[PDB]
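Remarks on the overall topology
Chain by chain, the residues run as shown.
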Amino acid sequence: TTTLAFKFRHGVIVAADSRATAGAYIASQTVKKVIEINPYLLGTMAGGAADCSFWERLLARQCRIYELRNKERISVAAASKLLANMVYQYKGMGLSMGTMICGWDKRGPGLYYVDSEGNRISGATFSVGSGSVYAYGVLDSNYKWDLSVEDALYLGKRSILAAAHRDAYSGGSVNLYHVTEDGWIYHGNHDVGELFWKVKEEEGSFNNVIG
Amino acid sequence: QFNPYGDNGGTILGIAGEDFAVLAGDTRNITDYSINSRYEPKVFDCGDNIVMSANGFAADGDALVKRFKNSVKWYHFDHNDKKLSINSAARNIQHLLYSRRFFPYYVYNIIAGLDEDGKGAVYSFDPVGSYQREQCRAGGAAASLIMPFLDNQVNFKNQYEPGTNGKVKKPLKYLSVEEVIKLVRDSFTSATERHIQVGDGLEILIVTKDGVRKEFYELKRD
Amino acid sequence: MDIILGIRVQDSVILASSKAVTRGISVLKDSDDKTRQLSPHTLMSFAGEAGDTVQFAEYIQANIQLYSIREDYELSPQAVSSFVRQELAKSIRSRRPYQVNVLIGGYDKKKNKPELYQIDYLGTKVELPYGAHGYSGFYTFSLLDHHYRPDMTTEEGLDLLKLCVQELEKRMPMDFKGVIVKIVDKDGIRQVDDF
Amino acid sequence: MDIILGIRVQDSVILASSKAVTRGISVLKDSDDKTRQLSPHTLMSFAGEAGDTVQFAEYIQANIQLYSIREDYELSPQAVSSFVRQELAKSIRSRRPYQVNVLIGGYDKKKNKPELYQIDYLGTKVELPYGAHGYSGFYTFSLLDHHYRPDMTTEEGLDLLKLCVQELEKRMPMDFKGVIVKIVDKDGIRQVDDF
Amino acid sequence: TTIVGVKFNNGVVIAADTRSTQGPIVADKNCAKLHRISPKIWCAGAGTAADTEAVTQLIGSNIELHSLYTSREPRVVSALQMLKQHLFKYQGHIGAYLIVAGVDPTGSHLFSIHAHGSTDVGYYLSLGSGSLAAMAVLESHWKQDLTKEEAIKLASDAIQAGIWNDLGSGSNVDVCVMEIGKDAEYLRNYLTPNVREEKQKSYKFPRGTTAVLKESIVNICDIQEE
Amino acid sequence: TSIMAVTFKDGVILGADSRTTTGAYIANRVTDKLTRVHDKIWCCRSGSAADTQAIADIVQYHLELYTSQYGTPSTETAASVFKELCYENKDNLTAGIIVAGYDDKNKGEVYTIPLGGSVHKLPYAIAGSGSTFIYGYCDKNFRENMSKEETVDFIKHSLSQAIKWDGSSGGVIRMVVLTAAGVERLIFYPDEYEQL
Amino acid sequence: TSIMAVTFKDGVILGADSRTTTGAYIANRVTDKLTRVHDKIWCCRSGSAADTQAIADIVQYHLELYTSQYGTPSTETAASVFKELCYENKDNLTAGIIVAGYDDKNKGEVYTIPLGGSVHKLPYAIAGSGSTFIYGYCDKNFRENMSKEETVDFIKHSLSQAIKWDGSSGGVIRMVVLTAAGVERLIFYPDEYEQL
Amino acid sequence: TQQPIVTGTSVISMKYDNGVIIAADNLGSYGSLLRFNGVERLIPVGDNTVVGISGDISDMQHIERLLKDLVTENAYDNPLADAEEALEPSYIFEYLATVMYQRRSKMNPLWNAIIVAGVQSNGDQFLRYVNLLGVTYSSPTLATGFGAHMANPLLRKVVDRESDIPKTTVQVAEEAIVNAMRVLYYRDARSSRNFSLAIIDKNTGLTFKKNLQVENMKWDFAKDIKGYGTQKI
Amino acid sequence: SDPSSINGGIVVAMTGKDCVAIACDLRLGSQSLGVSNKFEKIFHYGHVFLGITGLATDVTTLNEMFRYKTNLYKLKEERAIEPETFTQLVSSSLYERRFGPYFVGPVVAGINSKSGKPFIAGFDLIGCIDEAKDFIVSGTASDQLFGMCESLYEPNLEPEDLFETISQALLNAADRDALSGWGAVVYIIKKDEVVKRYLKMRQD
Ligand SMILES: *[C@@](C)(CO)[C@](*)(O)[C@H](Cc1ccccc1)NC(=O)[C@H](Cc1ccc(OC)cc1)NC(=O)[C@@H](C)NC(=O)CN1CCOCC1
Ligand SMILES: *[C@@](C)(CO)[C@](*)(O)[C@H](Cc1ccccc1)NC(=O)[C@H](Cc1ccc(OC)cc1)NC(=O)[C@@H](C)NC(=O)CN1CCOCC1
Ligand SMILES: [Mg+2]
Ligand SMILES: [Mg+2]
Ligand SMILES: [Mg+2]
Ligand SMILES: [Mg+2]
Ligand SMILES: [Mg+2]
Ligand SMILES: [Mg+2]
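Residues numbered from 1 in each chain as written, not as in the entry; some residues may be left out. Chains lettered and ligands numbered in written order. Part of a larger assembly, values for the part shown. Heavy atoms only, no water.

**Looking at the interface of chain I and chain B**
Each partner contributes to the interface: chain I provides 16 residues, whereas chain B provides 15 residues. Summed over the three residues of chain I that lose the most area to chain B, namely I:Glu150, I:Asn172 and I:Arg176, the buried surface amounts to 36% of that side. Linking chain I with chain B are 2 salt bridges, by the criterion used here. For I:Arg176, the salt bridge is made with B:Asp151, and the minimal N-O distance between the two is 2.6 Å. At the surface where chain I touches chain B, the tally comes to 4 residue pairs in polar contact. Per-element accounting of the side of chain I that touches chain B gives the leading share, 8 residues, to helix 3 (residues 142–152) of chain I. (Contact = heavy atoms within 4.5 Å. Buried area = accessible area lost by both parts, 1.4 Å probe. Salt bridge = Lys/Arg side-chain N within 4 Å of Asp/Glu carboxyl O. Polar contact = N/O pair within 3.5 Å; in protein donor to acceptor, adjacent residues only side chain to side chain. Helix = DSSP H or I, 4+ residues; strand = E, 2+ residues; numbered from the N terminus.)

Written out as structure tokens, the structure is:
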């Protein structure tokens, strides 16, 4: 995998690839690594597919009960914390999860990194997965707070592409999301095969590759 | 030391049409280099127009299917004979699988049927419950032999329209049941040639609004 | 986590803790505060294995805050340090021990004295004028042994701390991304925003 | 050793190599030059296990210098790179292989073209516009893939290199103490004294 | 593999299947496991495929030179002795399990040889992953004083048992018959019971389907004159 | 494997089963474990078939060369050559050999050479995995200076029991008689020895 | 250890050696391996001394309680209690037990219970490390409906050989005779049995 | 988790036109030692089922007791225990298969390979296999251990597929089984000459044959075999 | 760790009517990292073509070695080496390192200049020859290639049809393998003309 997310003036961008692997064999190339917790909350998946999916859906049910009991939408901080405490019970037992809880709450846009190791970190910019190291280069060099929604979506898309190209265990397609105060908005599935050539021509990048 | 797992070989294949779905699998059961059975059914009618196959370790596969069939039975009892939709069955199966996260069912599972709009549906599972809906999926021993062929002949991957030279893709025209069964038979015939655990026979289960139909075809017995 | 320092001066306790959080070959954050306020005049910094650190610190925090409410009274730094040590000494023989080392810095309002306690994951408690956990003390103790006086001002303690950090930044192979510094005195706890 | 980079621009080759040498938890030096001049227009940077690196580099250096004297002629960067690769491919099946990864940057005076070769300890040779060894490329390749043009000037290559180093300094947990940068062009080899 | 050797009245016959495997994958569907050591001495090999070929060529080369030196036709016991001493020296690291058979001025002979260098004598033998399926047939139907035609049938029936019941064996049956006072007849693909059925569809593509970037002529010819 | 060699009035008799196993599979059920190294010096082989064959072949070479130069070798000399190989290559071998031979001067002699490479001259010897089950029987029933027919019955009964209890032993019972009269091969089938 | 139990005309006889070892050291040379679980139901113990003692003690408890409620238990019942312990605790035990007893109805009976916890009713049984060397002898010399004196000689000769070849076996030969007449203990010293 | 101590080797079986045949030798091995020579490994359940068991004998005896208890329990409050509500081969098998899989799932298996052979109420042939892992499969021929490698190939020459079952008579099927047992005696080092054979026919019922022996064995050719290569005498 | 899967890559060869085709991907990696998209795995010695998969240092080494040996062959024999002969030379050369082998999967392709007969062959890393009539596969996606070739291939294809078949076999196999791709090349070989085509494929 490669997944990323970052806060900015107009909310939070969330991007991810779609490759699934079983050794060297590519099992799937159309997987959803973004999870729809609730209309104002997203979750990323990296590492164990089953683990990430199961615990985050469990989280989602936990969050909904919260809304019923408290007549109020859960905060991103509390949501990430429920997950963290849930997986912490099974620490050392073999769980493999690297996730990001992205949303907008009363404190504005929120972004938390949560893993099976026990870390729970608030941050403006994250990228997790085998290809994270490639994606960070593009993010760090182009990331600003005063980013337009159009430019921000491209940055997250371009960052995944960078990783999909180099990392053998990342690729397939790019899934984009934008989280506003009025909820999250899906910005489509983008095949890397077609996207790569497009970006190469329009941007001029990837000169070493022939097309 | 006691190894609670085994490998009974076999290979399965699910393809989803516009208003139908197929779930195929070979009928050979093996251990190491021996043949246990040349005809041991692996794909089952589970009720509510859902077919299922758990490929890998037969003892775990039989147990999972047996449990899901039971889950369907109790879904009727508890919810006024309501029909279990394919998307609801998939989610239920995730929970059957993850209930053993720390002693997994060593199987790759596929179910097929129709969605609530009447369109063909195939769902694929890993051994611990991660599932996703797909148009085309091969699982098991010869999955790596078959899937690239299906990417090419079902989703028309790396195929472009002549004259344009890579500028315009081949359009995604739907397949009929008769065209699909040809791809299934050619997939298993090709797999039988190059994989030693695949052969003997091929049993296909086709699902339509009318019900569940079967078709059987012989394969090479070497 | 990596480096946590502590120094008790005349009228305060200074805790310096690294800012970096690392998962493998990647620095996840460079502004992490490895500390929790246990009470208005008691601060605990911590370092160890991921998860264990924060889970333990917040568990301790909750217990001390509960005590404060129940009695309407702030526990002494010595009482808090003993409570923490017992929890760690209890932990070490459990099924899965907390892998956490801590420094407790507090100002005893009764005795009008600053106090610094060093406690490792085994439950090994020691009161010190200055202390460190992990590979930190190895570089810094020679400078502290040389320059430290018990009558130092807070400003003199900070300058000595800068010297200790400068040595770490020169000879440690790992980049810990600087430190967050906090001072505990009679007026409470505050953070040095420029270091 | 840690990070070695290489970038071939229009009329030159730029090699950037880390300055740090580390034995365990201590930085022994922060100004180490991980490179040897094989010939007036050929430079080789290197990184791997202690001892093997310098022993191999100087062994190669001696062989190329011997060739130059015998023939009164400078070997092409391609010929040198092939000689080095064969020595490493010979080494990998020996009793104790040289654990060294190298970058060979040279200016071919015959073709009037800069050339960059990446060779790992197995004897895996590849000609590149830009390359790296170890965990370096992981952080830098995304920036190079984005910004690199083959018609870049030496000054533009250096600015792109600064960007690559800045990213390393942010996300690498290890402090490599900056880099020594060297440029190989038609006029020979020189060092950028300010970086 | 499945390989067998069967003696009869006036000679000896060997046979083998034609499958080679890389784990569960079939690498070659029509492999040649019957090797020639000398004109009238043939061996069938199981185990590491390269080793059975290499060890057979080597001993066959040395047998030919020996035959020329001595002005005599090579004996099976010579090939046997040369093989076992070679294999023994390499302590089983050369994974060659062979059935050696032939005719010479002494008569007709049949031996088996294992990778570690042990040899056995018999009227009927079987080696490979399908040796048990084959031996079951041989133990059921072998008798003393077999004819040439009965022996070929027994041998191929034994190989078939392996082809059908052993996953490490498959495809076709090769046979070699070595009769006294005659030329040895090598019957490649004596049986072909595993022909692939016709495919349901033709997957021949329209020309221009594949996207191309560049084209170029490759110069294979030498440097030209003028 | 079940092997034995027994001295008697007129000479010596070697005896053995015919089963060779690869685990629980019987690779050969009609094995000849009685091997000739000289006209009237034979051996019984146990342990690794590859090792014992390679050894016996080398010994046969040494004794053939001995004979060409110095005349007919003694049974003690043959046992010494076996020993010299088994002892010096003990780290790389797994061989348990019984040597038996007939001279006119020394008459019947039996030497056993277990795993270590030690030599032991005996009136009779037993070896192989199946020998364990007949230590008691053989000790109770062995006498010196038995007749040929008595000795054949002793070996037949002994190996019969070894085969009965040991799964690694079985098949036919082969025997080799070594006397001044010459060399006589014997064979006894299951239907004969099982009903004893 | 070398133990055996043999049925005959008038009942059954148990036999055993008296050697207990800790490696090559003989911790006890006058051990009593013939243990009583009921008036005329005894057992021979092999394997771990701690395990076999703990088992026999529990069995003796069960049969004492059985007798208080239901009267004299059968030898089959005794063997079932042994089995139930040996089988259900097979992962934590190393016990090889021979059960032998006399009824007036069933007369002499012998049950053997090897390591796994299986039960086998037999005319006679042998067990222990030294039993391996007398499988051949015992099979050849055992007859049904022997006299008391014949059966004593059979056990004496058999264990004599087991002791001769097995270093883990030795000392004296103890025997226990179980008939309608009562219970008779016997003992035979080295000077008697060694010269057989 | 354990290891098997006293073990039983192959159990072989096949279907024929009117029923099923199953066979197994009477040996209880203790490693390489052929310890117990009178062990019955075919266990009838009623007059319509025979369970053949290989593997650990102590676990076999445990299973034997479960089956004996199953018959007793089925008779309780059951007036049709010897008629309509009698135990079927399919009932007996599924019970064992449930037990085997449960035991492997507790990491404490019954170290066996089992073949349940019988005839159902409607006259249908039943033949299914189950083992220590809980793995189940059915086929016209079934065999355990060495039988799988040597017997199945021979039995499959008689009944290669389902359509060959009606064409196979009881005389032919028994002949094939008896021949297979001889082959196993030639080649299996943990087998015995003595064996038991059971036929369950839908007309003639259950026929249980004890104290059978392997006969018509070929050994004469052994006399001609000399040495291991070059030896002539 | 596994030398045969560190660098990644694939090679496939096919026979046609009076023609042969051999193709390869262009990827060279260090496990997950892609290093080069220009690492061609197909070489030729006169009219004989050799594709090599596996450990890249051994690929490069063997090429230089067979160039060495074929150049000497030609000087002494006064003629170019033929595919049947070269195949034996490859086998010989590989088995001489039986206990310290080159971690490679070579594939020979060519047409005999005298008989005009198309020829392909494959080897294991120690020299065992697989002389196939239809096709040969090698690499990290060998299973994928077997599935594609076995279903798409039909005998006696014309050069321009064979091109499409082998290209599609390669492309779709490579797209189901993480360690293969980043470009592809196909050689179409006839008795006295050889065409080389670079394919357009996804670069992830
Ligand atoms: C990249 C691709 C791998 O580094 C990324 O982490 C993805 C994340 C992901 C998230 C949600 C769904 C799918 C994938 N991870 C994987 O692809 C993981 C990598 C992995 C392999 C093996 C592991 O065991 C130690 C752990 C992680 N793969 C899987 O989880 C794999 C075992 N499962 C699937 O691919 C699930 N699919 C396969 C096809 O059937 C449907 C479910
Ligand atoms: C049957 C198929 C056994 O499976 C038979 O013995 C054949 C014999 C044979 C003889 C001549 C030509 C072709 C085939 N054997 C094989 O097909 C072997 C199977 C095998 C694989 C790996 C082995 O090493 C443990 C031993 C046997 N195939 C091959 O030898 C061939 C495909 N080569 C390899 O798989 C590469 N080996 C090379 C050495 O290291 C391991 C992989
Ligand atoms: Mg929670
Ligand atoms: Mg990629
Ligand atoms: Mg087969
Ligand atoms: Mg301390
Ligand atoms: Mg026997
Ligand atoms: Mg003694």
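**Here's the deal with the nonpolar core**
If you look at the biggest cluster of nonpolar residues, it comprises 78 residues, and the most contacted ones within it are E:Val6, E:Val13, E:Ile37, E:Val100, H:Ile12 and H:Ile177. Looking at which element gives the most residues to this core, the answer is helix 4 (residues 170–187) of chain H, with 9 residues. The contacts of E:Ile37, once residues within four sequence positions are left out, are E:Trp42, E:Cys43, E:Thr56, E:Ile59, E:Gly60, E:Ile63, E:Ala79, E:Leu83 and E:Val100. (Core = buried A, V, L, I, M, F, W, Y, C linked by side-chain atoms within 4.5 Å. Buried < 20%, exposed > 50% of the residue type's maximum accessible area, 1.4 Å probe, protein only.)

**Some thoughts on a nonpolar patch on the surface**
A contiguous nonpolar patch, built from C:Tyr135, C:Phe138 and D:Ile25 and spanning about 350 Å² of accessible area, is present on the exposed surface. Its relative accessible area of 48% is what places C:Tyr135 among the partly exposed residues. (Patch = residues over 30% accessible without salt bridge, like charges linked within 9 Å, V, L, I, M, F, W, Y side chains within 5 Å. Areas by Shrake-Rupley, 256 points an atom, 1.4 Å probe, with all protein chains shown as cover.)

**Remarks on a negative patch on the surface**
On the surface, C:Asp11, C:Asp151, C:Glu155, C:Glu156 and C:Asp159 cluster together to form a negatively charged patch. Residue class for C:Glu155 comes out exposed when judged on its relative accessible area of 54%. (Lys, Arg positive; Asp, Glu negative; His and termini not counted. Charge placed at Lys NZ, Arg CZ, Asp CG, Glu CD.)

**Some points on the UniProt feature "active site" in chain F**
All names here are of chain F. Per the UniProt entry, the sites bearing "active site" are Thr1 in this numbering. Structurally, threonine 1 is set in the segment before strand 1 (3–8). Here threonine 1 falls in the buried class, since its relative accessible area comes to 18%. Look past the residues within four positions of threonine 1 in its chain and what remains in contact with it is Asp17, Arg19, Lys33, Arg45, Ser46, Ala127, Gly128, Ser129, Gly130, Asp166, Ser168 and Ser169. (UniProt positions renumbered as here; feature names shortened; annotations may be inferred.)

**Details of the site of ligand 2**
Inspection of the region around ligand 2 gives 18 residues, with E:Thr1, E:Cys31, E:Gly47, E:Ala49 and I:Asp124 positioned closest. Near ligand 2, the surrounding residues are drawn from chains E and I. Take E:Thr1: an N or O atom from its side chain is 2.3 Å from an oxygen atom of ligand 2. Within the backbone of E:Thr21, a nitrogen or oxygen atom sits 3.1 Å from an oxygen atom of ligand 2. Surface burial for ligand 2 is 72%, taken as the share of its 790 Å² of free accessible area covered by protein chains. By residue class, the composition of the shell around ligand 2 is 5 nonpolar, 9 polar and 4 charged. (Near = heavy atom within 4 Å. Nonpolar A, V, L, I, M, F, W, Y, C, P; charged D, E, K, R; others polar.)

**Points about the sheet that holds strand 11 (residues 201–208) of chain B**
Residue and element names in this part refer to chain B. Sheet architecture is open: 5 strands sit in the order 10-1-2-11-12, paired in antiparallel fashion. Edge positions in the open sheet fall to strand 10 (136–140) and strand 12 (211–218), since each of these has one partner strand only. Mean inter-strand twist for the sheet, computed between neighbouring axes without regard to direction, equals 15°. By the bridge criterion, 8 bridges tie strand 11 to strand 12 in an arrangement that is antiparallel. (Pairing = 2+ DSSP bridges. Axes fitted to C-alpha atoms, helices over the stretch in contact; angles between N-to-C directions.)

**Quick notes on the pairing of strand 1 (residues 11–16) of chain B**
Residue and element names in this part refer to chain B. By the criterion of burial, strand 1 is predominantly enclosed, with 6 of the 6 residues buried. Residues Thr11, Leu13 and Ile15 line one face of strand 1 and the alternating positions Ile12, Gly14 and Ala16 line the opposite face, and both faces are buried. Across 5 bridges, the pairing between strand 1 and strand 10 is antiparallel. Bridge assignment links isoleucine 12 to a residue of strand 10, and that residue is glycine 139.

**Structural notes on the environment of D:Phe141**
Here D:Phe141 shows up in helix 3 (residues 136–147). Considering only alpha carbons, one finds D:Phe141 and D:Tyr67, 74 residues apart in sequence, at a separation of 35 Å. Residue contacts for D:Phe141: discarding those within four places in its chain leaves A:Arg166, D:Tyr130, D:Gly131, D:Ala132 and I:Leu33.

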